[PDB]
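A short worksheet on the structure shown next.
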Amino acid sequence: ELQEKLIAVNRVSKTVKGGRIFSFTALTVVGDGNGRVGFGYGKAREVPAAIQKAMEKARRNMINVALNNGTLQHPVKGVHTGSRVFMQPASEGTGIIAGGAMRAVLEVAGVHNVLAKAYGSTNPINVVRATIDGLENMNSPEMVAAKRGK
Amino acid sequence: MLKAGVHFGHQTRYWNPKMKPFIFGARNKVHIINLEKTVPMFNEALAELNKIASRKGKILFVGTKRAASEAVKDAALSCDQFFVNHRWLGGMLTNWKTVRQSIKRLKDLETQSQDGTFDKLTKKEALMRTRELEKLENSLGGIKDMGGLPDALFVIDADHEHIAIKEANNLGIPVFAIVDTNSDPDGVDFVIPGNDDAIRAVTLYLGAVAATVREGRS
Amino acid sequence: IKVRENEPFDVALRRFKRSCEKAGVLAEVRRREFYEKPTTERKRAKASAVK
RNA sequence: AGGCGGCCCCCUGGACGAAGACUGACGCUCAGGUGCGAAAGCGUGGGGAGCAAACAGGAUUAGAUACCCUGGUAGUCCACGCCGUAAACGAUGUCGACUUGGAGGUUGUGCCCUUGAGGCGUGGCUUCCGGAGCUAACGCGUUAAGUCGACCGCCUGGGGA
RNA sequence: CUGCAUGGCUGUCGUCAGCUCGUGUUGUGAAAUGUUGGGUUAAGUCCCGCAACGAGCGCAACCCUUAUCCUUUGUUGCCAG
RNA sequence: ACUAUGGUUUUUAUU
């Protein structure tokens, strides 16, 4: 069965005549627990309905990840604007690790063995775009058997 | 297909450097496509359109400009197709779940026109609903029974309708475009190099799909 | 500066002002301007025939 | 680099070209050194029409040792030295190579009835837009803030300094 | 005694023409769009048009009142014969 | 014609 996870929710406000009005902006992930993951971002009134508004996109967006023996076949970068993340594989044991936005993406795909670092902006709404750019940058999962010799 | 439609090139640069694989040697700076890089290339894509028609996929014909704005709704209409002759109302693919209320409006104004519900000696109220109906006909009249979204898009000018080509790329919808030397192919999914105005080119592929949406299968 | 032309009279008409270059009618300047218009209107669109 | 400007005849560094020839890595940057000034100022004497800090008055204002107006000294200029500082700004440190485009100039040189409002090549420069690339976003864009390399200085929150 | 504890009541911008609910798109995002523009109105008026398009609250309407003709009906009203 | 200056402090924001 599929799994849903929150990363963060933040208050967002507009100043008006006689006071102030506010909404929430939420960031979520959806994954299969075996190697497929997607993310949602959205803004609405009340936390649970801002989470529901972010899930509108997470019910469409997905990347399938290339894996070799339960972990990464190579180290890789992920890029979006000022977010410049790096990923590298770990051995069977400890391996997760990483900040609240990067850790959520690794959790919901079962990839609990990657030494993920931000090496740029940690901003949750942009480090997610760089993380999923890195999952799209992954080369095909049997490449060592094709790359041997000539 | 084989040759015909002999032409001498129009305008200079007025170009996109991406078009190197399609252009002939230019004289007096006037630029032209090479007939041997384009006619076999769109004949090779005419089969790709015939396969979508053999799967009964619904094709949208877009011709919002003077050379195609009559032919888009006549040159293949004998084989039944869906069309846009000037405007989309806008967001027609990504906001369809709202834009369907103007299809509901066209259905109401037509079920009124078809029975004379506003045909009276009170003329200003009859013209009120006549003008609003005949204004909806110009944007939604060629798509009112398409039952959902297209399965393929065919567009006369990719520089003009670029906002709806951005919708088609987001939704994974195929885009066939007769891109001009001064256009750009990055939003196009089936590139079939042509023109948007002047000659002897803008209705050429249109005149060929008029049979390949009837022959097959189809 | 020219204008050395021998007319004993002031004329009740515009002959050289407000209509040709440096505004009005031709070479208009300021009085609110628009910047998306040159990237919105390129080819006609009307005049053939409205009637 | 700062900047350079009436014309005429000179003195004179650099750069660019065509055919040849002679060298044979002679290529880049550089710790500390060693050197350039726009304007204003000084050291010493000349030169002194505009102009003009200060000085000397008027106006304005409740006040005006300022604005503004009326006069005006240093100074501006020339020689032989000092001052070394600026939006010195294109807010872009310095050497080379690599790169799809549009539009406009400046100047050599090769071949052509220049039977062409020059044209097609080949060299050196130079300006406004624009796509790939860069980037916090603005800005840069073949003369890049791009791309790949070599080198020298400085910064680590601000106030206090 | 406290609207520096409040439910209600209320002044007023102002009859001013403007404001919400959603969905899409653009933007790193706050934010923008549309609600900006061109005519023109008391008025988002009435048309035109652009990446913005629907459904609501306003504007406008509903209900009330009047100039003249025709009709129905007349006392404790009217008065031409 | 033109038209000087403004002493101290100032939202709950939850899941």
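We name chains A, B, ... following the order of the structure tokens; residues begin at 1 in each chain, and ligands are numbered from 1 as shown.
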
Residue hits in chain E, query chain A, radius 10 Å, only C-alpha atoms (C1' of nucleotides), as a VMD selection string: chain E and resid 28 to 30

Requested write-out: N, CA and C atoms (P, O5', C5', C4', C3', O3' and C1' of nucleotides) of the selected residues, as a PDB file, in the first residue's frame:
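So result_20.pdb came out as:
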ATOM      1  P     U E  28      11.302  32.143 -11.142  1.00  0.00           P
ATOM      2  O5'   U E  28      10.961  31.458  -9.731  1.00  0.00           O
ATOM      3  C5'   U E  28      10.897  30.046  -9.580  1.00  0.00           C
ATOM      4  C4'   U E  28      11.032  29.627  -8.099  1.00  0.00           C
ATOM      5  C3'   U E  28       9.913  30.160  -7.208  1.00  0.00           C
ATOM      6  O3'   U E  28       8.982  29.101  -6.928  1.00  0.00           O
ATOM      7  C1'   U E  28      12.104  30.541  -6.244  1.00  0.00           C
ATOM      8  P     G E  29       7.419  29.357  -6.947  1.00  0.00           P
ATOM      9  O5'   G E  29       7.128  30.265  -5.662  1.00  0.00           O
ATOM     10  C5'   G E  29       6.871  29.693  -4.385  1.00  0.00           C
ATOM     11  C4'   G E  29       7.032  30.735  -3.263  1.00  0.00           C
ATOM     12  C3'   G E  29       5.965  31.824  -3.293  1.00  0.00           C
ATOM     13  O3'   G E  29       4.856  31.516  -2.418  1.00  0.00           O
ATOM     14  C1'   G E  29       8.163  32.758  -3.197  1.00  0.00           C
ATOM     15  P     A E  30       3.471  32.304  -2.462  1.00  0.00           P
ATOM     16  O5'   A E  30       3.743  33.765  -1.861  1.00  0.00           O
ATOM     17  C5'   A E  30       3.580  34.041  -0.471  1.00  0.00           C
ATOM     18  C4'   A E  30       4.036  35.471  -0.119  1.00  0.00           C
ATOM     19  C3'   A E  30       3.195  36.552  -0.778  1.00  0.00           C
ATOM     20  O3'   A E  30       2.032  36.885   0.014  1.00  0.00           O
ATOM     21  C1'   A E  30       5.535  37.007  -1.001  1.00  0.00           C
TER      22        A E  30
END

Return as JSON lines the residues of chain B lying at most 7 Å from chain E, together with the closest atom-to-atom pair for each and the distance in Å to one decimal, counting only C-alpha atoms (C1' of nucleotides), with rows in chain order and ascending residue number.
{"residue": "B:90", "atom": "CA", "partner": "E:52", "partner_atom": "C1'", "distance": 6.8}
{"residue": "B:91", "atom": "CA", "partner": "E:24", "partner_atom": "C1'", "distance": 6.3}
{"residue": "B:94", "atom": "CA", "partner": "E:24", "partner_atom": "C1'", "distance": 6.2}
{"residue": "B:95", "atom": "CA", "partner": "E:24", "partner_atom": "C1'", "distance": 5.0}
{"residue": "B:98", "atom": "CA", "partner": "E:54", "partner_atom": "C1'", "distance": 5.9}
{"residue": "B:99", "atom": "CA", "partner": "E:53", "partner_atom": "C1'", "distance": 6.3}
{"residue": "B:101", "atom": "CA", "partner": "E:54", "partner_atom": "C1'", "distance": 6.5}

Store the residues picked out above, limited to C-alpha atoms, as a PDB file, in the first residue's frame.
ATOM      1  CA  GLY B  90      -8.431  30.054 -22.777  1.00  0.00           C
ATOM      2  CA  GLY B  91      -7.211  27.444 -20.248  1.00  0.00           C
ATOM      3  CA  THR B  94      -5.894  22.646 -17.802  1.00  0.00           C
ATOM      4  CA  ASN B  95      -9.067  24.557 -16.644  1.00  0.00           C
ATOM      5  CA  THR B  98     -14.434  25.233 -15.252  1.00  0.00           C
ATOM      6  CA  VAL B  99     -14.549  26.071 -19.039  1.00  0.00           C
ATOM      7  CA  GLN B 101     -19.719  25.887 -17.951  1.00  0.00           C
TER       8      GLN B 101
END

Show me, as a VMD selection string, the residues that have an atom within 9 Å of residue 33 (chain B) when counting only C-alpha atoms (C1' of nucleotides), minus same-chain residues fewer than 6 positions from it. chain B and resid 9 19 22 to 25 181 193 to 194

Okay, now the selection with C-alpha atoms, as a compact mmCIF listing (two decimals), in the first residue's frame?
# COMPACT_ATOMS: atom_id res chain seq x y z
CA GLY B 9 11.22 31.71 -50.45
CA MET B 19 16.37 25.13 -38.50
CA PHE B 22 15.64 21.89 -43.02
CA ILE B 23 16.99 24.96 -44.99
CA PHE B 24 18.38 25.20 -48.56
CA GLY B 25 21.21 27.49 -49.81
CA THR B 181 11.73 29.24 -40.38
CA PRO B 193 8.41 22.14 -41.06
CA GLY B 194 6.18 24.57 -43.08

Output as a list in words the set of chain B residues within 10 Å of chain D, with distances taken over only C-alpha atoms (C1' of nucleotides). residues 13, 14, 15, 16, 17, 18 and 20 of chain B

Selected residues written out, N, CA, C and O atoms, as a tab-separated table (two decimals), in the first residue's frame:
chain	number	residue	atom	x	y	z
B	13	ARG	N	16.15	36.85	-42.32
B	13	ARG	CA	16.45	36.34	-40.96
B	13	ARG	C	15.95	37.33	-39.89
B	13	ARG	O	16.69	38.25	-39.55
B	14	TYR	N	14.73	37.27	-39.38
B	14	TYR	CA	13.58	36.37	-39.64
B	14	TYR	C	13.87	34.85	-39.62
B	14	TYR	O	13.41	34.13	-40.51
B	15	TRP	N	14.66	34.34	-38.67
B	15	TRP	CA	14.96	32.90	-38.58
B	15	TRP	C	15.23	32.42	-37.15
B	15	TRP	O	15.41	33.20	-36.22
B	16	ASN	N	15.31	31.10	-37.00
B	16	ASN	CA	15.78	30.42	-35.82
B	16	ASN	C	16.95	29.48	-36.21
B	16	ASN	O	16.73	28.58	-37.02
B	17	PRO	N	18.16	29.63	-35.64
B	17	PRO	CA	19.31	28.80	-35.99
B	17	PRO	C	19.11	27.29	-35.77
B	17	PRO	O	19.83	26.49	-36.38
B	18	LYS	N	18.10	26.86	-35.01
B	18	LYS	CA	17.70	25.44	-34.87
B	18	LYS	C	17.30	24.80	-36.21
B	18	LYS	O	17.29	23.58	-36.31
B	20	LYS	N	18.73	24.66	-39.23
B	20	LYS	CA	19.82	24.18	-40.12
B	20	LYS	C	19.51	22.87	-40.87
B	20	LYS	O	19.76	22.82	-42.08

Rounded to one decimal place, report the CA of residue 34 (chain B)-CA of residue 6 (chain B) distance in Å. 11.2 Å

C1' of residue 53 (chain D) to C1' of residue 38 (chain D) measures 19.2 Å

Enumerate as an NGL selection string the residues belonging to chain B that approach chain C to within 12 Å, with only C-alpha atoms taken into account. :B and (64-66 or 86 or 159-160 or 197)

With N, CA and C atoms retained, write the just-selected residues as a PDB file, in the first residue's frame.
ATOM      1  N   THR B  64      -5.920  29.764 -36.292  1.00  0.00           N
ATOM      2  CA  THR B  64      -6.420  31.046 -35.751  1.00  0.00           C
ATOM      3  C   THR B  64      -6.117  32.265 -36.638  1.00  0.00           C
ATOM      4  N   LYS B  65      -5.549  32.057 -37.832  1.00  0.00           N
ATOM      5  CA  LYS B  65      -5.015  33.106 -38.714  1.00  0.00           C
ATOM      6  C   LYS B  65      -5.396  32.926 -40.196  1.00  0.00           C
ATOM      7  N   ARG B  66      -5.408  34.046 -40.925  1.00  0.00           N
ATOM      8  CA  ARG B  66      -6.127  34.288 -42.200  1.00  0.00           C
ATOM      9  C   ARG B  66      -6.002  33.212 -43.290  1.00  0.00           C
ATOM     10  N   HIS B  86     -10.331  30.984 -34.394  1.00  0.00           N
ATOM     11  CA  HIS B  86      -9.864  32.307 -33.953  1.00  0.00           C
ATOM     12  C   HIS B  86      -9.359  32.334 -32.490  1.00  0.00           C
ATOM     13  N   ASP B 159       4.229  29.870 -32.792  1.00  0.00           N
ATOM     14  CA  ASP B 159       4.609  31.153 -32.192  1.00  0.00           C
ATOM     15  C   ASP B 159       3.374  31.933 -31.706  1.00  0.00           C
ATOM     16  N   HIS B 160       2.205  31.658 -32.289  1.00  0.00           N
ATOM     17  CA  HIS B 160       0.956  32.352 -31.976  1.00  0.00           C
ATOM     18  C   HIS B 160       0.213  31.685 -30.810  1.00  0.00           C
ATOM     19  N   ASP B 197       1.922  31.960 -42.964  1.00  0.00           N
ATOM     20  CA  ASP B 197       1.251  32.950 -43.822  1.00  0.00           C
ATOM     21  C   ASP B 197       2.002  33.149 -45.162  1.00  0.00           C
TER      22      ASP B 197
END

Could you pull out the residues in region 111-144 of chain A that DSSP calls alpha helix (DSSP H) from the backbone, as a PyMOL selection string? chain A and resi 124-137+143-144

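Atom to atom, CA of residue 136 (chain B) and CA of residue 106 (chain B) stand 6.5 Å apart.
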
Run DSSP on the backbone and tell me which residues of region 7-142 of chain A come out as strand (DSSP E); list them as an NGL selection string. :A and (7-16 or 19-31 or 36-44 or 63-64 or 76-80 or 83-87)

N, CA and C atoms of the current selection, written as a CSV table (one decimal), in the first residue's frame:
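Dumped everything to part16.csv:
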chain,number,residue,atom,x,y,z
A,7,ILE,N,6.3,17.0,5.4
A,7,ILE,CA,7.7,17.6,5.6
A,7,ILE,C,7.5,18.8,6.6
A,8,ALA,N,6.7,19.8,6.2
A,8,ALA,CA,6.5,21.0,7.0
A,8,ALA,C,5.2,21.7,6.6
A,9,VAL,N,4.7,22.5,7.5
A,9,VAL,CA,3.7,23.6,7.3
A,9,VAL,C,4.1,24.9,7.9
A,10,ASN,N,3.9,26.0,7.2
A,10,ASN,CA,4.2,27.4,7.6
A,10,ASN,C,3.1,28.3,7.4
A,11,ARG,N,2.9,29.3,8.4
A,11,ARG,CA,1.9,30.3,8.3
A,11,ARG,C,2.3,31.4,7.3
A,12,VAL,N,1.3,31.9,6.5
A,12,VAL,CA,1.5,33.0,5.5
A,12,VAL,C,0.4,34.0,5.6
A,13,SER,N,0.8,35.3,5.7
A,13,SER,CA,-0.1,36.4,6.1
A,13,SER,C,-0.1,37.6,5.1
A,14,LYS,N,-1.3,38.3,5.0
A,14,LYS,CA,-1.5,39.5,4.3
A,14,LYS,C,-2.1,40.6,5.2
A,15,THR,N,-1.5,41.7,5.3
A,15,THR,CA,-2.0,42.9,6.1
A,15,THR,C,-3.1,43.6,5.3
A,16,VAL,N,-4.2,43.9,6.0
A,16,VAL,CA,-5.4,44.5,5.4
A,16,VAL,C,-6.0,45.6,6.3
A,19,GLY,N,-6.8,45.1,10.2
A,19,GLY,CA,-6.0,43.9,10.8
A,19,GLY,C,-5.2,43.2,9.7
A,20,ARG,N,-5.4,41.9,9.7
A,20,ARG,CA,-4.6,40.9,9.0
A,20,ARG,C,-5.4,39.6,8.8
A,21,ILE,N,-5.1,38.9,7.6
A,21,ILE,CA,-5.7,37.6,7.2
A,21,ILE,C,-4.5,36.6,7.0
A,22,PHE,N,-4.7,35.3,7.3
A,22,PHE,CA,-3.7,34.3,7.1
A,22,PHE,C,-4.2,33.0,6.6
A,23,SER,N,-3.2,32.3,5.9
A,23,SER,CA,-3.3,31.0,5.3
A,23,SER,C,-2.1,30.1,5.8
A,24,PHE,N,-2.1,28.9,5.3
A,24,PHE,CA,-0.9,28.0,5.5
A,24,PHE,C,-0.4,27.4,4.2
A,25,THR,N,0.9,27.3,4.1
A,25,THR,CA,1.6,26.7,2.9
A,25,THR,C,2.3,25.4,3.4
A,26,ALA,N,1.9,24.3,2.8
A,26,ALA,CA,2.3,22.9,3.2
A,26,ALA,C,3.2,22.2,2.1
A,27,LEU,N,4.1,21.3,2.6
A,27,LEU,CA,4.9,20.5,1.7
A,27,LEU,C,4.8,19.0,2.1
A,28,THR,N,4.4,18.2,1.2
A,28,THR,CA,4.2,16.7,1.4
A,28,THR,C,4.9,15.8,0.4
A,29,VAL,N,5.0,14.5,0.7
A,29,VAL,CA,5.4,13.5,-0.2
A,29,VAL,C,4.5,12.3,-0.2
A,30,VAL,N,4.5,11.5,-1.3
A,30,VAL,CA,3.8,10.3,-1.6
A,30,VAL,C,4.8,9.3,-2.2
A,31,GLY,N,4.8,8.1,-1.7
A,31,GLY,CA,5.7,7.0,-2.2
A,31,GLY,C,5.1,5.6,-2.1
A,36,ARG,N,9.4,4.3,-6.0
A,36,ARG,CA,8.6,5.4,-6.6
A,36,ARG,C,8.3,6.4,-5.6
A,37,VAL,N,8.5,7.7,-5.9
A,37,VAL,CA,8.3,8.9,-5.0
A,37,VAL,C,7.9,10.1,-5.8
A,38,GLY,N,7.0,10.9,-5.2
A,38,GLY,CA,6.5,12.2,-5.7
A,38,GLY,C,6.3,13.2,-4.6
A,39,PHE,N,6.2,14.5,-4.9
A,39,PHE,CA,6.0,15.6,-3.9
A,39,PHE,C,4.9,16.5,-4.3
A,40,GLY,N,4.3,17.2,-3.2
A,40,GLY,CA,3.3,18.2,-3.3
A,40,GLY,C,3.6,19.4,-2.5
A,41,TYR,N,3.3,20.6,-3.1
A,41,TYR,CA,3.3,21.9,-2.5
A,41,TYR,C,2.0,22.6,-2.8
A,42,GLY,N,1.5,23.3,-1.8
A,42,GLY,CA,0.2,24.1,-1.9
A,42,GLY,C,-0.1,25.0,-0.7
A,43,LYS,N,-1.0,26.0,-1.0
A,43,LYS,CA,-1.4,27.0,-0.1
A,43,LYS,C,-3.0,27.1,0.1
A,44,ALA,N,-3.5,27.0,1.3
A,44,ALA,CA,-4.9,27.2,1.6
A,44,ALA,C,-5.1,27.6,3.1
A,63,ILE,N,8.4,10.1,-9.6
A,63,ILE,CA,9.6,9.6,-10.3
A,63,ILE,C,9.8,8.2,-9.8
A,64,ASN,N,10.1,7.3,-10.7
A,64,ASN,CA,10.6,5.9,-10.4
A,64,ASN,C,12.2,6.0,-10.4
A,76,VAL,N,25.4,11.2,-7.1
A,76,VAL,CA,24.7,12.1,-8.0
A,76,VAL,C,24.4,13.4,-7.4
A,77,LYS,N,24.4,14.5,-8.2
A,77,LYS,CA,23.8,15.8,-7.9
A,77,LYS,C,22.4,16.0,-8.2
A,78,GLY,N,21.7,16.9,-7.5
A,78,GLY,CA,20.3,17.4,-7.8
A,78,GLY,C,20.3,18.9,-7.7
A,79,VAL,N,19.8,19.6,-8.7
A,79,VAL,CA,19.8,21.0,-8.8
A,79,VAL,C,18.5,21.7,-9.1
A,80,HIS,N,18.2,22.7,-8.4
A,80,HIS,CA,17.1,23.7,-8.7
A,80,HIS,C,17.5,25.1,-8.1
A,83,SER,N,19.5,25.6,-4.7
A,83,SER,CA,19.6,24.3,-4.1
A,83,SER,C,20.4,23.3,-4.9
A,84,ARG,N,21.4,22.8,-4.4
A,84,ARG,CA,22.5,22.1,-5.1
A,84,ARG,C,23.0,20.8,-4.3
A,85,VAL,N,22.0,19.9,-4.1
A,85,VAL,CA,22.1,18.7,-3.3
A,85,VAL,C,23.0,17.7,-3.8
A,86,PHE,N,23.6,16.8,-3.0
A,86,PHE,CA,24.4,15.7,-3.3
A,86,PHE,C,24.0,14.4,-2.6
A,87,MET,N,24.0,13.3,-3.3
A,87,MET,CA,23.6,11.9,-2.8
A,87,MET,C,24.7,10.9,-3.0

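Neighbours of residue 200 (chain B) closer than or equal to 10 Å, with only C-alpha atoms (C1' of nucleotides) counted and sequence neighbours fewer than 5 positions away skipped, come out as residues 4, 5, 6, 7, 67, 194 and 195 of chain B.
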
Which residues come within 12 Å of residue 41 (chain E), counting only C-alpha atoms (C1' of nucleotides), excluding same-chain residues fewer than 4 positions away, as a ChimeraX atom specification? /E:17,45-46,59

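Near residue 50 (chain B), within 10 Å and counting only C-alpha atoms (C1' of nucleotides), sit residues 45, 46, 47, 53, 54, 55, 56, 209, 211, 212, 213, 214, 215, 216, 217 and 218 of chain B, not including residues fewer than 3 positions from it in the same chain.
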
Using only C-alpha atoms (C1' of nucleotides), what does the table of chain D residues within 12 Å of chain A look like, with each row giving the shortest atom pair and its distance in Å to one decimal, sorted by chain and ascending number, as a Markdown table?
| residue | atom | partner | partner_atom | distance |
| --- | --- | --- | --- | --- |
| D:134 | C1' | A:81 | CA | 10.9 |
| D:135 | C1' | A:81 | CA | 8.0 |
| D:136 | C1' | A:82 | CA | 6.9 |
| D:137 | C1' | A:81 | CA | 10.1 |

Within 12 Å of chain E, which residues belong to chain C? Use only C-alpha atoms (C1' of nucleotides) and report them as a ChimeraX atom specification. /C:32-37,39-41,45-46

Output the contact residues of chain F with respect to chain A at a cut-off of 10 Å, based on only C-alpha atoms (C1' of nucleotides), as a PDB file with N, CA and C atoms (P, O5', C5', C4', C3', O3' and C1' of nucleotides), in the first residue's frame.
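Heads up, here's the output in iface.pdb:
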ATOM      1  P     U F  11       2.795  45.012  20.123  1.00  0.00           P
ATOM      2  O5'   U F  11       1.424  44.246  19.823  1.00  0.00           O
ATOM      3  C5'   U F  11       1.453  42.960  19.210  1.00  0.00           C
ATOM      4  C4'   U F  11       0.117  42.202  19.379  1.00  0.00           C
ATOM      5  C3'   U F  11       0.312  40.772  18.963  1.00  0.00           C
ATOM      6  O3'   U F  11       0.880  39.987  20.029  1.00  0.00           O
ATOM      7  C1'   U F  11      -1.759  41.639  18.151  1.00  0.00           C
ATOM      8  P     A F  13       0.181  33.193  21.578  1.00  0.00           P
ATOM      9  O5'   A F  13      -0.274  32.561  20.183  1.00  0.00           O
ATOM     10  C5'   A F  13       0.423  32.854  18.984  1.00  0.00           C
ATOM     11  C4'   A F  13      -0.268  32.189  17.786  1.00  0.00           C
ATOM     12  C3'   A F  13       0.684  32.140  16.579  1.00  0.00           C
ATOM     13  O3'   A F  13       0.777  30.799  16.078  1.00  0.00           O
ATOM     14  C1'   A F  13      -1.488  32.819  15.990  1.00  0.00           C
ATOM     15  P     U F  15       0.272  24.304  18.604  1.00  0.00           P
ATOM     16  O5'   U F  15      -0.713  23.355  17.784  1.00  0.00           O
ATOM     17  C5'   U F  15      -1.628  22.482  18.421  1.00  0.00           C
ATOM     18  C4'   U F  15      -2.480  21.730  17.387  1.00  0.00           C
ATOM     19  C3'   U F  15      -1.609  20.909  16.427  1.00  0.00           C
ATOM     20  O3'   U F  15      -1.954  19.529  16.556  1.00  0.00           O
ATOM     21  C1'   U F  15      -3.413  21.999  15.362  1.00  0.00           C
TER      22        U F  15
END
